[PDB]
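Here you get one chain, nothing else, as structure tokens; it is the form deposited in one PDB entry.
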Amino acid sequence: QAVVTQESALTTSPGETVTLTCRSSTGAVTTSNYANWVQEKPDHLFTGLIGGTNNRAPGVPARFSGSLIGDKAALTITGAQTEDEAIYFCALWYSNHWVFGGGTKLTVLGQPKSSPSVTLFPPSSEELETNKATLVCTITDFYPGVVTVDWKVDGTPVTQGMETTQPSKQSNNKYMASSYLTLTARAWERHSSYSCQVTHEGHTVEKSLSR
């Protein structure tokens, strides 16, 4: 019955100082909220960084410090490193339970930004023979690894039917993800313009098919 809010994504460069914040929907964050900061590296790898607002877990580099800034809990990375690229979650205590924030995806540029490579495929015909149609939108080689994928059937933002995977790290250290829009053989034949729009580090890429 409280909502912790965190920045969605933050991008920095090795050597910089970056601050992540944790806001509580009920009021200012205070020391009795015992702000905790947790880091998630790929592979479902969790480690605790800070607890009780400013206590650094043992074996967590000193570049990490927590504090209260204004009415919120903050985590500062002083001299961010390439290794710090991960998802940081804050947790706040509320007298009887814990509420976790949505997490902040932090990117520490370890190579130049790279735009996504988007491709939209039409439902194959063997599949239209099943009374089904699935438009696949593939997005690869993007960095920072955060995107927004929006589908638009006939000019209208589809809002149900789509599924977008979570960015997965490729070998070169760039990311990939694909989004699926499943229609029926029939929904397929009805509408006429499909489009997969991918938003990445401010530029947009729209790939449209025409039935």
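The numbering used is simple: start at 1 and walk along the sequence shown. Under this definition, the rigid core comprises the largest set of C-alpha atoms superposing within 1.5 Å between the forms.
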Exercise for the section: Compare the mean C-alpha B-factor of 52-60 with that of 146-154 as given in the PDB entry, and name the stretch with the higher value. Expected result: 146-154
Fill in the blank from the handout: Per the PDB entry, mean CA B-factor is higher for 183-191 or 9-17, namely for 183-191
Practice task
In terms of CA temperature factor as recorded, identify the highest of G161, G70, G27, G66.
Solution key: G161
Completion exercise
Among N96, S114, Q81, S117, highest Cα B-factor in the entry goes to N96
Exercise for the section: Could you look up the Cα B-factor of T31 in the entry and say which third of the chain it sits in: lowest, middle or highest? Expected result: middle
Completion exercise
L128: C-alpha B-factor third of its chain, per the entry, is the highest
Exercise for the section: Can you work out whether the C-alpha temperature factor of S178 puts it in the lowest, middle or highest third of the chain? Expected result: middle
Exercise for the section: Using the B-factors in the PDB entry, rank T134's C-alpha atom against the chain and give the third, lowest, middle or highest. Expected result: highest
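The next section is about a form of this same protein that is not shown, the form deposited in another entry.
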Exercise for the section: Answer yes if the CA of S13 moves 2 Å or more between this form and the one not shown after aligning the rigid core, and no otherwise. Expected result: no
